[PDB]
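Enquirer:
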Amino acid sequence: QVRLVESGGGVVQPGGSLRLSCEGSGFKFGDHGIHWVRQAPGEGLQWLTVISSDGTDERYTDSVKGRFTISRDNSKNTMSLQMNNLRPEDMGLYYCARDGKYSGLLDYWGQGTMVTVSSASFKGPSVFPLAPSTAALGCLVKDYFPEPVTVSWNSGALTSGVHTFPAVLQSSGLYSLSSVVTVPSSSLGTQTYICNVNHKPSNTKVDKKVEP
Amino acid sequence: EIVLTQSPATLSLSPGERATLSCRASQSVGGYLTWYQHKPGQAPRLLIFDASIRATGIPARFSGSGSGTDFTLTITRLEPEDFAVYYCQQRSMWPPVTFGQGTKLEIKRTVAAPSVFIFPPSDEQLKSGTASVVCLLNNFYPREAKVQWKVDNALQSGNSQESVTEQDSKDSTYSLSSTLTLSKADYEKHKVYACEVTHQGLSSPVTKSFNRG
Numbered sequence: 001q002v003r004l005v006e007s008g009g010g011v012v013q014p015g016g017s018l019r020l021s022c023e024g025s026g027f028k029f030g031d032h033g034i035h036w037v038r039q040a041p042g043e044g045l046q047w048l049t050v051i052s053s054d055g056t057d058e059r060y061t062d063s064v065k066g067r068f069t070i071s072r073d074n075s076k077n078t079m080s081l082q083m084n085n086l087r088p089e090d091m092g093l094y095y096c097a098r099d100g101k108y109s110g111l112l113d114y115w116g117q118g119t120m121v122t123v124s125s126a127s128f129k130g131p132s133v134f135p136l137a138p139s147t148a149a150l151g152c153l154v155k156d157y158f159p160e161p162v163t164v165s166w167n168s169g170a171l172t173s174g175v176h177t178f179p180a181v182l183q184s185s186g187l188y189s190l191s192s193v194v195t196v197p198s199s200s201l202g203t204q205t206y207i208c209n210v211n212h213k214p215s216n217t218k219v220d221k222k223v224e225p
Numbered sequence: 001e002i003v004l005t006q007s008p009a010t011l012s013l014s015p016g017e018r019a020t021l022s023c024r025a026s027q028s029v030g031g032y033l034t035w036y037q038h039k040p041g042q043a044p045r046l047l048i049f050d051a052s053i054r055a056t057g058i059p060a061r062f063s064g065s066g067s068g069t070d071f072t073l074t075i076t077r078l079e080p081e082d083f084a085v086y087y088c089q090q091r092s093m094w095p096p097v098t099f100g101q102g103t104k105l106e107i108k109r110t111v112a113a114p115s116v117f118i119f120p121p122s123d124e125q126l127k128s129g130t131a132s133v134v135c136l137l138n139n140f141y142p143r144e145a146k147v148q149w150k151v152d153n154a155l156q157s158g159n160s161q162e163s164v165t166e167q168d169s170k171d172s173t174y175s176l177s178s179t180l181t182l183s184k185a186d187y188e189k190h191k192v193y194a195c196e197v198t199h200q201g202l203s204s205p206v207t208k209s210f211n212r213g
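Those sequence lines, one after another, are chains B and A.
FYI, in the entry's author numbering the residues of the first sequence are 1 to 101, 108 to 139, 147 to 225.
Counting along the second sequence from 1, when you hit position 130 you're at 130 in the entry's author numbering, and nothing is skipped either side.
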């Protein structure tokens, strides 16, 4: 029951900083070294740093050299990485991965915490209808920041033929997404269709009714 | 600095079939090389390290072979749980620890042509001064599709954004969403809004349109 749990992620402005954290479990932790690997959107994996398993060696990749500093405290089962003067190349998903009993072997990984670098201010979504004329209909969840938002149809009761798409980042720095559902054209003037949008980052809830 | 190049970029295969993934290093890392499995929303998973050896819990359908410069990952009898993304990672010369750009193992299915839908902007949105036109491509295979927006016969470029869902757990289909965004002033001086879709399940392009009004 090896568990690596990342914490700390969040939103920040360019030139700002965050302190990440990785808590270990189900294994004796000073013993192995620790890695940070990040995954930007529409991208692969790139390694960033590792801290030996005792406290002494710390490697970094060229790119966060200067900007990032790593550390640990085995008596607590954490480890932490302070990231400063953050840029939007830094934006992505950060995983802490354990090192093999320097192995250079990430043998167990965490799920990751998300880092967002934007000068955009928080904002709740404007929810627009994608009206039908089998039929297709949906909701346009527009101009929200930051990620994420969840969408339901009829409070959980419409689950089939539902496609909720990955959001897209516009120039405004606001996100935009689509949620559609395919239904019978005979149900249109009979059945009610409501998309439930939840954007927790802004404490915002919207229900949008979509009709013909 | 070592550079891993993976091929193919995407591999489309059926379960029961053999999958063969390659990882070329720019310079002998020799034995030294791991393979990882990655499913969306999940944590990467170590499959085999030191090139040929599976870690514990990893099935026999998985074998690594190779040396120094050229490596192969064979998943010899595909289960649905393997369609994931595979990455190779080197550790002879680091930092930095390098990775390939991954190979995506996707499911081969029969060609399914997209059902296309076009959606005009709501009146509500138009009051805020912007207009979003949306074109939906529903459950098609394969993934490669082409959306071309046209406004009053003029081909649009640079004013659209797109999104594709993950392959369906049930269908093995993909759906795509395209949003054409324009000012309200522009939306109102034009008439014909069309969405042209090009896909291998069509003998020719499908066009859904609407006239403002």
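C-beta atoms are modelled at their ideal positions from N, C-alpha and C, and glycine is treated no differently.
Give me the Cβ distance between residue 61 of chain A and residue 48 of chain A, rounded to the nearest whole Å; I'm assuming they're in contact under 8 Å.
Expert: So it is not a contact: roughly 12 Å between Cβ atoms.
Enquirer: Using the DSSP secondary-structure output, state which residues sit across from residue 180 of chain B in a beta bridge.
Expert: BP columns for residue 180 of chain B are empty, so no partner.
Enquirer: List the endpoints of the continuous alpha helix (DSSP H) containing residue 125 of chain A.
Expert: Where residue 125 of chain A is concerned, the enclosing alpha helix (DSSP H) stretches over 123-127.
Enquirer: Are the beta-carbon atoms of residue 33 of chain B and residue 51 of chain B separated by less than 8 Å?
Expert: Result yes, Cβ atoms of residue 33 of chain B and residue 51 of chain B sit closer than 8 Å.
Enquirer: Do we get a CB-CB distance below 8 Å when we pair residue 67 of chain B with the residues of chain A?
Expert: No, its Cβ sits nowhere closer than 8 Å to a Cβ of chain A.
Enquirer: Are the Cβ atoms of residue 12 of chain A and residue 107 of chain A separated by less than 8 Å?
Expert: Yes, they are a contact pair.
Enquirer: Looking only at C-alpha atoms, which of A:82, A:28 and A:37 sits nearest to residue 67 of chain A?
Expert: Answer by Cα proximity: A:28.
Enquirer: Given a threshold of 16 other Cβ atoms within 10 Å of its Cβ, counted over all protein chains shown, does residue 80 of chain B qualify as buried or as exposed?
Expert: Buried, because 16 or more other Cβ atoms sit within 10 Å of the Cβ of residue 80 of chain B.
Enquirer: By DSSP, does residue 86 of chain A sit in helix, in strand, or in coil?
Expert: Three-state result, residue 86 of chain A: strand.
Enquirer: What residues in the segment 125-136 of chain B bring their beta carbon closer than 9 Å to a beta carbon of chain A?
Expert: Here the close residues are 132, 134, 135 and 136.
Enquirer: Given residue 162 of chain A, which residues of its chain have a CB within under 6 Å of its CB, disregarding the five upstream and five downstream residues?
Expert: Contacts found: 178.
Enquirer: At a Cβ threshold of 8 Å, is residue 175 of chain A touching chain B?
Expert: Closer than 8 Å to some Cβ of chain B, the Cβ of residue 175 of chain A qualifies, so yes.
Enquirer: Going by DSSP, what residue range makes up the alpha helix (DSSP H) through residue 184 of chain A?
Expert: Residues 184-189.
Enquirer: Can you find at least 3 beta carbon pairs, one from the segment 168-181 of chain B and one from the segment 87-94 of chain B, that sit closer than 8 Å?
Expert: Flag = no, the segment 168-181 of chain B and the segment 87-94 of chain B do not touch.
Enquirer: Kindly list, in the order they appear in chain B, the residues whose Cβ is closer than 8 Å to that of residue 71 of chain A.
Expert: Under the 8 Å cutoff, chain B gives no residues; its nearest Cβ is about 16 Å from residue 71 of chain A.
Enquirer: Does DSSP put residue 80 of chain A in a helix, a strand or coil?
Expert: The answer is helix: DSSP assigns residue 80 of chain A an H, G or I state.
Enquirer: Residues bridged to residue 50 of chain A by DSSP?
Expert: Paired residue(s): none; residue 50 of chain A is not in a bridge.
Enquirer: The beta strand (DSSP E) with residue 31 of chain B in it runs from where to where?
Expert: Note, residue 31 of chain B: premise wrong, no beta strand (DSSP E); not H, not E.
Enquirer: Which of helix, strand or coil does DSSP assign to residue 14 of chain A?
Expert: Three-state DSSP puts residue 14 of chain A in coil, outside helix and strand.
Enquirer: Which residues of the segment 179-192 of chain A have a Cβ closer than 8 Å to any Cβ of chain B? Give them in chain order.
Expert: Residues passing the 8 Å Cβ filter: 179 and 181.
Enquirer: Leaving aside the five residues before and after residue 218 of chain B along the sequence, list all residues of the same chain whose C-beta is less than 8 Å from its C-beta, in chain order.
Expert: Correct list, in chain order: 209, 210, 211 and 212.
Enquirer: With 8 Å set as the bound, which would you pick, yes or no: does the beta-carbon of residue 220 of chain B sit closer than that to a beta-carbon of chain A?
Expert: Not an interface residue.
Enquirer: With 8 Å set as the bound, which would you pick, yes or no: does the beta-carbon of residue 162 of chain B sit closer than that to a beta-carbon of chain A?
Expert: Closer than 8 Å: no.
Enquirer: Using only CA atoms, which one of A:188, A:145 and A:141 lies nearest to residue 167 of chain A?
Expert: For the residues A:188, A:145 and A:141, the minimum Cα distance to residue 167 of chain A belongs to A:141.
Enquirer: Under the rule that 16 or more other beta-carbon atoms within 10 Å means buried, what is residue 132 of chain A, buried or exposed?
Expert: Residue 132 of chain A should be labelled buried.
Enquirer: Please confirm whether residue 43 of chain A has its beta-carbon closer than 8 Å to some beta-carbon of chain B.
Expert: Yes, residue 43 of chain A counts as interfacial toward chain B.
Enquirer: By a C-beta neighbour count over all protein chains shown, 10 Å radius and 16 as the cutoff for buried, is residue 131 of chain B buried or exposed?
Expert: Buried, because 16 or more other Cβ atoms sit within 10 Å of the Cβ of residue 131 of chain B.
Enquirer: Scan the segment 82-99 of chain A for residues whose Cβ lies nearer than 7 Å to a Cβ of chain B and list them as they occur along the chain.
Expert: Flagged, chain order: 87, 91, 94, 95, 96, 97 and 99.
Enquirer: Please classify residue 69 of chain A: is it buried, with 16 or more other beta-carbons within 10 angstroms of its beta-carbon, or exposed?
Expert: Per the 10 Å Cβ criterion, exposed.
Enquirer: Which residues in the same chain as residue 2 of chain A place their Cβ atom closer than 7 Å to its Cβ, once the five residues preceding and following it in sequence are excluded?
Expert: So the qualifying residues of the chain are 25, 26, 27, 29, 90, 93 and 98.
Enquirer: Roughly how many whole angstroms lie between the Cα atoms of residue 170 of chain A and residue 110 of chain A?
Expert: Whole-angstrom Cα-Cα distance: 14 Å.
Enquirer: On a CA-only basis, which of A:190, A:160 and A:196 is nearest residue 181 of chain A? Give me that one, please.
Expert: Comparing Cα positions, the closest option is A:160.
Enquirer: Are the CB atoms of residue 31 of chain A and residue 51 of chain A nearer to each other than 8 Å?
Expert: In contact: residue 31 of chain A and residue 51 of chain A (Cβ atoms closer than 8 Å).
Enquirer: Please list the terminal residues of the continuous beta strand (DSSP E) segment that includes residue 158 of chain B.
Expert: Taken as a continuous stretch (DSSP letters only), residue 158 of chain B belongs to no beta strand (DSSP E), as it is neither H nor E.
Enquirer: Which same chain residues end up closer than 7 Å to residue 11 of chain B when comparing Cβ atoms and leaving out the 5 residues on each side of it in sequence?
Expert: For residue 11 of chain B, where only same-chain residues beyond five positions count, the Cβ hits under 7 Å are 122, 124 and 159.
Enquirer: Assuming residue 147 of chain B is part of the beta strand (DSSP E), what are its boundary residues?
Expert: Where residue 147 of chain B is concerned, there is no enclosing beta strand (DSSP E), given that its DSSP letter is neither H nor E.
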